[PDB]
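Novice: So I've got this experimental structure, pasted below with the sequence.
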Amino acid sequence: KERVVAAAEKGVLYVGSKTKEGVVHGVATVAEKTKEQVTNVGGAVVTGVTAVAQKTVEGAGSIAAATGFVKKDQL
């Protein structure tokens, strides 16, 4: 009776050569969370799907993916 489903069915030179490099392809979740509670106080709470597909994050002191990150640096 009750049914839930998720389907994701699908100098440098490239001479006649296929490349995919950085790429998120298939993410099926079908999540179910009854009676969910979240109480964040000055932090970071992540309870969902995330798909980061960066290719170049060149840079000193940088951050590529800052999920659920809590940065409290001092001096």
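Specialist: Thanks, I have the structure now. Residues are numbered from 1 along each chain as shown.
Novice: Strands of this protein, start to end?
Specialist: For the chain, none of the segments meets the definition of strands by DSSP state E.
Novice: now the helices for it?
Specialist: Using DSSP state H, the chain contains no helices.
Novice: quick one: the closest residue to residue 6 other than its chain neighbours from residue 42, how far?
Specialist: With C-beta to C-beta, 6 or more residues apart in numbering as the criterion, residue 6 has its nearest non-adjacent residue at 4.2 Å, and that residue is residue 28. For the C-beta atoms, the positions are set from N, CA and C on the backbone; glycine is no exception. Per C-beta to C-beta, to the nearest Å, residue 28 is found 34 Å from residue 42.
Novice: Compare neighbour counts for these two and give me the winner.
Specialist: In this comparison of residue 28 against residue 42, neighbours counted by other C-beta atoms under 10 Å, the higher total goes to residue 28 at 10 against 6.
Novice: The more buried one contacts residue 7, correct?
Specialist: Yes: applying C-beta atoms under 8 Å, one finds residue 28 in contact with residue 7, separated by 6.5 Å.
Novice: quick one: residue 13 and residue 44, what's the gap?
Specialist: Separation of residue 13 from residue 44 (C-beta to C-beta) stands at 42 Å.
Novice: same thing with residue 25?
Specialist: Taking C-beta to C-beta as the criterion, residue 25 is separated from residue 44 by 27 Å.
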